[PDB]
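Asks: Contents of upload.csv (CSV, C-alpha atoms) are below:
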chain,number,residue,atom,x,y,z
A,1,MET,CA,108.9,116.8,100.1
A,2,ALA,CA,108.6,113.0,100.0
A,3,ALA,CA,110.4,111.9,96.9
A,4,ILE,CA,113.6,113.7,96.3
A,5,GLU,CA,114.8,112.2,93.0
A,6,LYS,CA,114.2,108.5,93.1
A,7,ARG,CA,110.9,106.9,92.2
A,8,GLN,CA,109.4,104.9,89.3
A,9,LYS,CA,106.1,103.2,90.2
A,10,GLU,CA,104.4,105.3,93.0
A,11,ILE,CA,101.0,103.6,92.3
A,12,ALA,CA,102.4,100.6,94.1
A,13,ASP,CA,103.3,102.3,97.3
A,14,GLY,CA,100.0,104.2,97.2
A,15,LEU,CA,98.0,101.0,96.6
A,16,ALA,CA,99.5,99.0,99.4
A,17,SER,CA,99.6,102.0,101.7
A,18,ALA,CA,95.9,102.9,100.9
A,19,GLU,CA,94.8,99.3,101.0
A,20,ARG,CA,96.4,98.4,104.3
A,21,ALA,CA,95.0,101.6,105.8
A,22,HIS,CA,91.5,101.2,104.4
A,23,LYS,CA,91.4,97.6,105.4
A,24,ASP,CA,92.8,98.3,108.9
A,25,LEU,CA,90.3,101.1,109.6
A,26,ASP,CA,87.5,99.1,108.2
A,27,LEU,CA,88.2,96.0,110.3
A,28,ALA,CA,88.7,98.2,113.3
A,29,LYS,CA,85.4,100.1,113.0
A,30,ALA,CA,83.5,96.9,112.2
A,31,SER,CA,85.1,95.1,115.1
A,32,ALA,CA,84.2,97.9,117.5
A,33,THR,CA,80.6,98.3,116.3
A,34,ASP,CA,80.0,94.5,116.4
A,35,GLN,CA,81.7,94.2,119.8
A,36,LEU,CA,79.7,97.1,121.3
A,37,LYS,CA,76.4,95.9,119.8
A,38,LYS,CA,77.1,92.3,121.0
A,39,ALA,CA,78.0,93.4,124.6
A,40,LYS,CA,75.0,95.7,124.8
A,41,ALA,CA,72.5,93.2,123.4
A,42,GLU,CA,73.9,90.7,125.8
A,43,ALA,CA,73.5,93.0,128.7
A,44,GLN,CA,69.7,92.5,128.3
A,45,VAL,CA,68.1,93.7,125.1
A,46,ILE,CA,68.7,96.6,122.7
A,47,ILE,CA,67.2,97.4,119.2
A,48,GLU,CA,69.4,98.1,116.2
A,49,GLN,CA,70.0,101.4,114.4
A,50,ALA,CA,69.2,101.7,110.7
A,51,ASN,CA,72.1,103.4,108.8
A,52,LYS,CA,70.3,103.0,105.4
A,53,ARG,CA,67.0,101.2,105.7
Render the structure in this file as structure tokens.
Replies:
Amino acid sequence: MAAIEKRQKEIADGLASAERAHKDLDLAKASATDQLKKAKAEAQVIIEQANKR
């Protein structure tokens, strides 16, 4: 459906495509969480949530 009949090293496209996406989403989520936490904590005072321990 994607590759008709022309492709050699797909790992490359998948690496850059998966890397750029993973990094993008990661930075996005992190930025949001940090931004929200910062704003909230700044509003007055709010504890933090433990995702692990």
Asks: What does the distance between CA of residue 39 in chain A and CA of residue 25 in chain A come to in Å, to one decimal place?
Replies: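 Answer for the CA of residue 39 in chain A to CA of residue 25 in chain A separation: 20.9 Å.
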Asks: Just give me the gap between CA of residue 26 in chain A and CA of residue 7 in chain A in Å, one decimal is fine.
Replies: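 CA of residue 7 in chain A lies at a distance of 29.4 Å from CA of residue 26 in chain A.
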Asks: For a test of reading the model, state the distance in Å between CA of residue 33 in chain A and CA of residue 51 in chain A, rounded to one decimal.
Replies: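 Between these atoms lies a distance of 12.4 Å.
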Asks: Mind completing range 4-27 of chain A with N, CA, C and O atoms? Output as a JSON list (two decimals), in the frame of the given file, please?
Replies:
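The result, stored in out-v3.json:
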[["chain", "number", "residue", "atom", "x", "y", "z"],
["A", 4, "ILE", "N", 112.62, 112.77, 96.74],
["A", 4, "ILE", "CA", 113.60, 113.70, 96.30],
["A", 4, "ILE", "C", 113.93, 113.60, 94.83],
["A", 4, "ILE", "O", 113.66, 114.52, 94.06],
["A", 5, "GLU", "N", 114.48, 112.46, 94.43],
["A", 5, "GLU", "CA", 114.80, 112.20, 93.00],
["A", 5, "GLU", "C", 115.04, 110.73, 92.77],
["A", 5, "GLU", "O", 116.03, 110.35, 92.15],
["A", 6, "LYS", "N", 114.12, 109.90, 93.25],
["A", 6, "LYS", "CA", 114.20, 108.50, 93.10],
["A", 6, "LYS", "C", 112.87, 107.78, 93.25],
["A", 6, "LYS", "O", 112.44, 107.52, 94.37],
["A", 7, "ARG", "N", 112.20, 107.50, 92.14],
["A", 7, "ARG", "CA", 110.90, 106.90, 92.20],
["A", 7, "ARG", "C", 110.42, 106.51, 90.76],
["A", 7, "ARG", "O", 110.57, 107.31, 89.83],
["A", 8, "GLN", "N", 109.86, 105.32, 90.61],
["A", 8, "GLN", "CA", 109.40, 104.90, 89.30],
["A", 8, "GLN", "C", 107.86, 104.62, 89.36],
["A", 8, "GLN", "O", 107.08, 105.34, 88.74],
["A", 9, "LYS", "N", 107.46, 103.58, 90.09],
["A", 9, "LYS", "CA", 106.10, 103.20, 90.20],
["A", 9, "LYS", "C", 105.52, 103.61, 91.59],
["A", 9, "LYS", "O", 105.65, 102.84, 92.55],
["A", 10, "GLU", "N", 104.93, 104.80, 91.69],
["A", 10, "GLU", "CA", 104.40, 105.30, 93.00],
["A", 10, "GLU", "C", 103.02, 104.62, 93.24],
["A", 10, "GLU", "O", 102.64, 104.45, 94.39],
["A", 11, "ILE", "N", 102.31, 104.27, 92.18],
["A", 11, "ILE", "CA", 101.00, 103.60, 92.30],
["A", 11, "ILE", "C", 101.06, 102.44, 93.25],
["A", 11, "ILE", "O", 100.12, 102.16, 93.98],
["A", 12, "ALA", "N", 102.18, 101.72, 93.21],
["A", 12, "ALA", "CA", 102.40, 100.60, 94.10],
["A", 12, "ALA", "C", 102.33, 100.93, 95.53],
["A", 12, "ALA", "O", 101.52, 100.41, 96.30],
["A", 13, "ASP", "N", 103.22, 101.84, 95.93],
["A", 13, "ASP", "CA", 103.30, 102.30, 97.30],
["A", 13, "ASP", "C", 101.94, 102.84, 97.77],
["A", 13, "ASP", "O", 101.51, 102.59, 98.90],
["A", 14, "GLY", "N", 101.29, 103.59, 96.90],
["A", 14, "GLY", "CA", 100.00, 104.20, 97.20],
["A", 14, "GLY", "C", 98.91, 103.12, 97.34],
["A", 14, "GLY", "O", 97.96, 103.28, 98.11],
["A", 15, "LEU", "N", 99.03, 102.06, 96.55],
["A", 15, "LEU", "CA", 98.00, 101.00, 96.60],
["A", 15, "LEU", "C", 98.12, 100.18, 97.85],
["A", 15, "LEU", "O", 97.11, 99.94, 98.50],
["A", 16, "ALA", "N", 99.33, 99.77, 98.21],
["A", 16, "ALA", "CA", 99.50, 99.00, 99.40],
["A", 16, "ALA", "C", 99.32, 99.85, 100.67],
["A", 16, "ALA", "O", 98.81, 99.38, 101.68],
["A", 17, "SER", "N", 99.71, 101.12, 100.59],
["A", 17, "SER", "CA", 99.60, 102.00, 101.70],
["A", 17, "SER", "C", 98.08, 102.39, 101.92],
["A", 17, "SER", "O", 97.62, 102.48, 103.06],
["A", 18, "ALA", "N", 97.36, 102.59, 100.82],
["A", 18, "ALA", "CA", 95.90, 102.90, 100.90],
["A", 18, "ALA", "C", 95.10, 101.69, 101.20],
["A", 18, "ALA", "O", 94.06, 101.78, 101.86],
["A", 19, "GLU", "N", 95.55, 100.53, 100.73],
["A", 19, "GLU", "CA", 94.80, 99.30, 101.00],
["A", 19, "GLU", "C", 94.96, 98.84, 102.41],
["A", 19, "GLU", "O", 93.96, 98.55, 103.07],
["A", 20, "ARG", "N", 96.19, 98.80, 102.91],
["A", 20, "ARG", "CA", 96.40, 98.40, 104.30],
["A", 20, "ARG", "C", 95.70, 99.30, 105.26],
["A", 20, "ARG", "O", 95.16, 98.84, 106.27],
["A", 21, "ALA", "N", 95.69, 100.60, 104.97],
["A", 21, "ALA", "CA", 95.00, 101.60, 105.80],
["A", 21, "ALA", "C", 93.51, 101.40, 105.76],
["A", 21, "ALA", "O", 92.85, 101.28, 106.80],
["A", 22, "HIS", "N", 92.96, 101.38, 104.55],
["A", 22, "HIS", "CA", 91.50, 101.20, 104.40],
["A", 22, "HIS", "C", 91.03, 99.95, 105.05],
["A", 22, "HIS", "O", 90.02, 99.97, 105.76],
["A", 23, "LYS", "N", 91.73, 98.85, 104.83],
["A", 23, "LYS", "CA", 91.40, 97.60, 105.40],
["A", 23, "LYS", "C", 91.48, 97.63, 106.95],
["A", 23, "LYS", "O", 90.59, 97.17, 107.67],
["A", 24, "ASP", "N", 92.59, 98.19, 107.43],
["A", 24, "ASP", "CA", 92.80, 98.30, 108.90],
["A", 24, "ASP", "C", 91.68, 99.07, 109.54],
["A", 24, "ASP", "O", 91.06, 98.57, 110.49],
["A", 25, "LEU", "N", 91.41, 100.27, 109.05],
["A", 25, "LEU", "CA", 90.30, 101.10, 109.60],
["A", 25, "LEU", "C", 89.00, 100.39, 109.53],
["A", 25, "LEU", "O", 88.23, 100.39, 110.49],
["A", 26, "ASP", "N", 88.73, 99.79, 108.38],
["A", 26, "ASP", "CA", 87.50, 99.10, 108.20],
["A", 26, "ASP", "C", 87.29, 97.98, 109.23],
["A", 26, "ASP", "O", 86.30, 97.98, 109.96],
["A", 27, "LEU", "N", 88.25, 97.07, 109.30],
["A", 27, "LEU", "CA", 88.20, 96.00, 110.30],
["A", 27, "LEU", "C", 88.05, 96.51, 111.69],
["A", 27, "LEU", "O", 87.32, 95.95, 112.50]]
